[PDB]
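Right, one structure below, let's go through it.
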Amino acid sequence: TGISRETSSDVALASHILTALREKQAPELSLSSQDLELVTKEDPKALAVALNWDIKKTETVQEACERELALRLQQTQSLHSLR
Numbered sequence: 005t006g007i008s009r010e011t012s013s014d015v016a017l018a019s020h021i022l023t024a025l026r027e028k029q030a031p032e033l034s035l036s037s038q039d040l041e042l043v044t045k046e047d048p049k050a051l052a053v054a055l056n057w058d059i060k061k062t063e064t065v066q067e068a069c070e071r072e073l074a075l076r077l078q079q080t081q082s083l084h085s086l087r
């Protein structure tokens, strides 16, 4: 195939995932639990190689992507008022 398909069985990270990673893959809200998870286990060492950029730069995107995952999830947080 050469490309990744919709939510399918264990998909060995196709180039389609590395292409956006190498450029603009959103590991914040654009992905799901397994995408951000598998990526979370795919530290800059490898993930960077796909996005061959400065590790500090590839990490920067990784730092935002994670902080986004928890922030976007906070939507279910309780009200701002206190009892």
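Note that the deposited numbering has the sequence shown beginning at 5, numbered continuously upward. Don't be surprised by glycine CBs; every beta carbon is placed ideally from N, CA and C.
Out of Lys28, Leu33, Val43, which has the shortest C-alpha to C-alpha gap to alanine 16? Closest option to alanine 16, Cα to Cα, is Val43.
To the nearest angstrom, how far is the alpha carbon of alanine 50 from that of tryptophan 57? Straight-line Cα distance between these residues: approximately 11 Å.
Can the beta-carbon of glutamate 72 be found closer than 8 Å to that of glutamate 32? Cβ atoms of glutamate 72 and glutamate 32: closer than 8 Å.
Check each candidate in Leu25, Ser37, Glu27 and name the one with the smallest Cα separation from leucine 77. The option with the nearest alpha carbon to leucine 77 is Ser37.
Quick one: Cα of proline 48 to Cα of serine 85, how far? Spanning the two alpha carbons is a distance of roughly 39 Å.
Which same chain residues, not among the five before or five after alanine 54, have their C-beta less than 6 Å away from its C-beta? Only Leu22, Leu25, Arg26 meet the Cβ criterion.
Burial state of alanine 52, where buried means 16 or more other Cβ atoms lie within 10 Å: Within a 10 Å sphere around the beta-carbon of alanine 52 sit 16 or more other beta-carbons, which makes this residue buried.
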